[PDB]
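Shown next as C-alpha cells: one chain only, the form deposited in one PDB entry.
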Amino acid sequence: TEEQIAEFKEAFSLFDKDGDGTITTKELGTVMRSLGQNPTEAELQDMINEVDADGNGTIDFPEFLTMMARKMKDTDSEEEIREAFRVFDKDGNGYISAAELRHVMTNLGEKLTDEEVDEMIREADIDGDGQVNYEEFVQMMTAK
C-alpha cells in the first residue's frame, strides 16, 4: 500500500499545485478546463461534496485517499447498476435490445461517442436475436 499512497500523493500533487494540501472548486475547475471540458460551478460543488467528510468545502488528502480506498466491485454498487438497467427493460426478463441500448447511450444523459458504444456492444455476446443479458455487463464492469 506504500506504492499505492505514493501514486495517490503523486495524483494529489496534480490538483494541489501548491503546498496548500487541499483542493478548492476552482483548483479543480482549472485542471478540468486544461482538458477542454468546461464544467459548471454547481457541477464542481456537487462533485466535491462527495469526497469530504469535514463539511469545509475542500478535500484534505485523507479524504482523497478515502475516496480512492473504497471499492467499485461492491455489494451495493453492483445492485445499483443492475437496478439502473431495469428502467430500460420492457417485460423485466433480464434482456434488452441492442438498438435500444445504442439509442439510450448516445442520446440520454451524458451522450457518448459512437465508437464508444460500438465498443460497448461488442463486449457482450450480442447475437441471439439481438438481445443481451445485462447482468453479464454488470459482472464484467464490476470485475475491475
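Residue positions are given as counts along the sequence shown, with the first one as 1. Between two forms, the rigid core is defined as the largest C-alpha subset superposing within 1.5 Å.
Keep in mind that the form deposited in another entry is missing from the display, and what follows is about it.
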Problem - Threshold 2 Å Cα movement between the shown form and the other one for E78, core superposed - result: no
Exercise for the section: Inspect the rigid-core superposition and answer whether the C-alpha of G29 shifts by 2 angstroms or more between the shown form and the other one. Expected result: no
Handout entry: Rigid core superposition, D60 Cα moves 2 angstroms or more between the shown form and the other one
Key = yes
Completion exercise
The CA atoms of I126 and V87 move 3 Å or more in that other deposited form, ending up farther
Handout entry: Relative Cα spacing, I126 and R102, in that other deposited form - shift of 3 Å or more
Key = farther
